[PDB]
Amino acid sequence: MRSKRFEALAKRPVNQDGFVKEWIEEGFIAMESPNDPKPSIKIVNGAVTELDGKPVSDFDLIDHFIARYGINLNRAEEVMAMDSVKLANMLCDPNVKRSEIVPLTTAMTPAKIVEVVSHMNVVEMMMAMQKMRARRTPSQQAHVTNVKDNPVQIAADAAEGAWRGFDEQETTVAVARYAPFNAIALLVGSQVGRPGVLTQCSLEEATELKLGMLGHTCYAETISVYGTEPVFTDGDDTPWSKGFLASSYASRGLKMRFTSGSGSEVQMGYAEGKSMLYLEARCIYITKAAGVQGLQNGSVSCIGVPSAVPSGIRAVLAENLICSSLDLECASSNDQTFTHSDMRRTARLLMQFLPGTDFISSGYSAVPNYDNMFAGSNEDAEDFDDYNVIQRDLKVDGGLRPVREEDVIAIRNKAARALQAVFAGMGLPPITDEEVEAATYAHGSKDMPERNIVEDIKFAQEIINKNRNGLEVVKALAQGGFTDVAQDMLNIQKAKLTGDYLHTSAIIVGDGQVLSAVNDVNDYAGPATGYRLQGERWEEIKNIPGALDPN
């Protein structure tokens, strides 16, 4: 005889999630593993001879790269000598400035800073994150994808997402050969929705670099690093190839960050018996060592791995905090599905949303999750009104705003008409008026007419093969009556000439104004200091749909 109470609970969505008991031998443990190395550093003739118990003779490529490039040796003896509890206290103490901490945290070994943050609960970590975040102003990044790689829909969804407040937007491909169309459609739609939104197209590494060289993206983020050597190898890179790739992006004036995230080494089969957080610290230090300005982490695409085990979502916040504590821009995930439960995914989001990070989400899905080609995001387009309501409830700036339906229809239509003019001007397979109206009013690809995918990918690959560059898009917009959009696309290309937006946490706001950690330094010093939601931005967040006049 069954308890009907338990029969009710068994049907709850949360009980469809994957949970596992800790498996220390294969690294299926989020943090604080018995096999994790104790902090240590030995320096001889100005070079590291031992890192976290490992002699230089045992170094793998990751150890060598971190030891040679990733640790500030100028303050290493001082910070290694400091008590890790006191250091954890300094992180969340409102009266110890970020500027006083960064020289010390950047001098810590990977195991040292893991030890420090592992003394903290999530409240303390959030208290620290609001201070250690490099950019004073928090921002937000969205996914723009669909299961058909439909370019008209990408342009419309991108325009809407820019209008709602995303400062970066990201696409990727169901069919890799489509990528140039996805990239162009995202860039055109983003500049229609708000000039200055940065766009990326996540691909295999050599393919994404070539696409950036042709001018159809503004930055790259999914430049992946991994925390064990065998996993890095199946990722088809070494620390040196990825460091060379990072400098190759900058040499073309393109902003980039790396991506890592707890659980990748478990997912790819070689955790070397280490906890997810320790391996992720190695990834953060690879990013620092490469000279890359920022990092997308917080498990990201492997979120089903830490979330399966105890303290996994706490470890996710911990790895974000390590990233910001190492004076890296942090694009803090909240971009990938891990749960059937609305309650559970909200708890996971609030760890970053409440304090703010450089990008609270590194991939809020601006499409319904059925269209999300990163296999679903932690938030999607049907959550937009909940997100705005929580901003107003808590007086927290989550980077987005309420918007009017008539405005969204107009901006989606303009984006669809601009892409139509690009395709006509470049001799691409036509975008019909029917497709323009469909994209204007669509929720997702279920609402779009079917395209000739075979013809699209033929012309998409011709863009690569004939090196059709971004100025062709500028020209086609100008010749098709979209002089304004053409000017905004040209201005995005001009940002690749100055190097300004290559700096830590850079976005482009307002009238082409770069906003980065250099000219928008976080200066948190406790209540009533640092970034505060107020003024016209607060009026904007209060103005949600359905707020009635009482009298």
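In this text, residue numbers run from 1 along the sequence as written.
The question of which stretch, 284-292 or 71-79, has the higher mean Cα B factor is settled in favour of 71-79. Stretches 353-361 and 83-91 differ in mean C-alpha B factor, with the higher average recorded for 83-91. Ranking 498, 40, 519, 505 by Cα temperature factor from the entry places 498 first.
Highest CA B-factor among the listed residues (480, 306, 189, 196): 480. Split the chain's modelled residues into thirds by C-alpha temperature factor. Residue 244 is in the highest one.
When the modelled residues of the chain are ordered by their C-alpha B factor, residue 134 lands in the lowest third.
Annotation for residue 404: C-alpha temperature factor in the middle third relative to the rest of the modelled chain, per the entry. For residue 374, the recorded CA temperature factor ranks within the lowest third of the chain's modelled residues.
Residue 119 sits in the lowest third of its chain by CA B factor, as recorded in the PDB entry.
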